[PDB]
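Two forms, one chain: they're shown below as structure tokens, one block per form, named structure 1 and structure 2.
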Structure 1
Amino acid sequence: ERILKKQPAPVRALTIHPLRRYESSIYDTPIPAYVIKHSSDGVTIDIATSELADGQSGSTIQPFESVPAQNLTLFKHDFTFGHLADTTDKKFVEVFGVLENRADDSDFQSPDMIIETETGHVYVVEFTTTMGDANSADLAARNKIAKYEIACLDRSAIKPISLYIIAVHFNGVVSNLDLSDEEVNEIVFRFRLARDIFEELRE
């Protein structure tokens, strides 16, 4: 019997912490070799994680990956963020139910994460990437906020919601989470490696 579920109600409202610019501080760090091979559905990838130093950016990377042909278009986004959450089609409706009598489009939106805690807060987290610079990243982040703000606002009447964004570019992250340098480095490092792999995969 979980006692945190027995607290007085929290304020039902949408919270958005301000976005911040972070920059990677990677420098000369080995980038693992990868071997791409044709497979039955798509490609197999073999990442030489042995080449990485202990305590260096990239320690979250797994040596082996299967990418089916239907998943190559999402590979960059999903690989980049694969240490924080696995791919999902978990919709708003699974967590809040339909909002007024009738189901609508915002019920079937699927942000990258929807976390609900015992205390009754809900956290919506969305990841994204850009091939441009930090300004591109800031803009990408604002577009994800615009994509999901309405659905979050209406449902915050049911449980309070905090909306978070992580937007990666080649040299940093725009995010309203409070990230360490290692955490920024890991995201960027995984993004840079995903870019290299993706250019050979589209080919």
Structure 2
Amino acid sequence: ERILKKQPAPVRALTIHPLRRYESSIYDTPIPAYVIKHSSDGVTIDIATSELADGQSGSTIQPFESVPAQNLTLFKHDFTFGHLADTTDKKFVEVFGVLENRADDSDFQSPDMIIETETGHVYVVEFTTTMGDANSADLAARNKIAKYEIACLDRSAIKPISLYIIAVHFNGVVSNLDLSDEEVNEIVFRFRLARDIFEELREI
């Protein structure tokens, strides 16, 4: 029995912390070689993690990164943020039930994460990437906010919601999380490697 579930009710509202621009500081860091291995189910990326220095950026990458067939088209997105979410996409209805007397499209939207805490707070997290610059990253983040703001606001009448975004570009991150330099660098480092592996997968 969990006592933190027995607290008075929090304010039921939508909270959005402001977006901030972060710059990567990956200053000439080893990037691991890779070989794309044919598998029964999708591919497995054989990545030479032994080439990396202990604790350098990229230390969250696994020696063998499985990419099942069903996750292939979102590889760039999912490899980039794979150290933060095992998987992505959870439907609103799975956490809130149907909002109104009748279901509608907002019940079946699925941001990359919907996290419910014992204290009764819900965190909605959306990841996105861009091949553009920091200005393109800020625009992609604002587009994800606009995509989910209505569903979050309506469901905030049930449990309070905080909506977080991470948008990655080649040289940094736009996010309303409060990220360290090392956390920014991990996201960017994985995105940069993901871009490389993608140029190969698309040719194959």
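By rigid core we mean the largest C-alpha set that fits within 1.5 Å across both forms. Structure 1's sequence is the ruler for residue numbers, which start at 1.
Taken from the form deposited with ligand XI7 bound, structure 2 is distinct in origin from structure 1.
When the two forms are overlaid on the rigid core, CA displacement between the two structures of 2 Å or more is confined, within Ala53, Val35, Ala146, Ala69, to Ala69. For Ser136, the Cα coordinates differ by under 2 angstroms between the two structures after the core has been superposed. If you fit the rigid core between the two structures, you'll see the Cα of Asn171 move by less than 2 angstroms. The two forms line up on their rigid core, and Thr88 then has its Cα shifted by 3.4 Å between the two structures.
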